[PDB]
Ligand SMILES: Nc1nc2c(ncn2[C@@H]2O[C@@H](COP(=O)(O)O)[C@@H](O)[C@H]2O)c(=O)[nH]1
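In structure tokens, one chain follows: the form deposited without ligand 5GP.
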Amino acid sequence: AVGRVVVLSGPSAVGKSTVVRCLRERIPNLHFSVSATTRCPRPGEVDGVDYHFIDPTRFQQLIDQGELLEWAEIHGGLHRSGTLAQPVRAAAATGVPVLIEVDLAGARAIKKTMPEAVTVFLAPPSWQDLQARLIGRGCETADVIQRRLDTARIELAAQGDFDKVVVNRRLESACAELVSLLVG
């Protein structure tokens, strides 16, 4: 039986990371997609675990050869990152569940290159919930905050493009629904 491939996305700052650690603890053999990158390893990073560290040129080949489900310029083109197709495919073929965490542009991209992946939008339990998180301690300027609220509204409007919507009402219930998606 082919492993399920789930693509997890949502608004920047909806609390995506916290759900991700829950899923990793709750599913022992879950394959968390390890992004390819062209930047250099920081100390303590392991190739094949934190990232697949490949050089700019080899990365360009992979792009050209259709080997990336998604890729993007990082820091305006300082370097690139993306999701390699092969390990996802090899994982699913071995029957292990696969989780890929990306931004909305990345999830959109992956749908085209791998339509059998299940795209999931992690939604806030309400607008006010999200707005409270975005204002947070109010350490940022009005302009920045206005910009964030506008970005949130645009991202939220995208949620219809996704295969599934998971409402982040409660960590454990959000986590639970995702587990149900990943393991058949």
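Heads up: residue numbers just count along the shown sequence, starting at 1.
- In this entry, the higher average B-factor at the C-alpha atoms falls on 18-26, of the pair 18-26 and 172-180.
- Ranked against the other modelled residues of its chain, the C-alpha B-factor of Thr37 as given in the entry falls in the lowest third.
- In the PDB entry, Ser126 places in the lowest third of its chain by CA B-factor.
- The deposited CA B-factor of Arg80 belongs to the middle third of values across its chain.
- Among the modelled residues of its chain, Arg89 has a C-alpha B-factor that falls in the lowest third, as given in the PDB entry.
- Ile74 sits in the highest third of its chain by CA B factor, as recorded in the PDB entry.
What comes next is about the form solved in complex with ligand 5GP, which is not displayed.
- Using a 4.5 Å cutoff between non-hydrogen atoms, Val102 counts as a contact of ligand 5GP in the entry with it bound.
- In the entry with it bound, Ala72 approaches ligand 5GP with a heavy atom inside 4.5 Å.
- Although the partner is absent here, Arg26 is not a contact residue: none of its heavy atoms lies within 4.5 angstroms of ligand 5GP in the entry with it bound.
- Although the partner is absent here, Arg58 lies well away from ligand 5GP in the entry with it bound, with no heavy atom inside 4.5 Å.
- The contact with ligand 5GP in the entry with it bound, taken as any heavy atom within 4.5 Å, belongs to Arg39 out of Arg147, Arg39, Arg133, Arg153.
- Shown here without ligand 5GP, the chain has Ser81, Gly82, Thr83 in 81-95 lying with a heavy atom within 4.5 Å of that partner in the entry with it bound.
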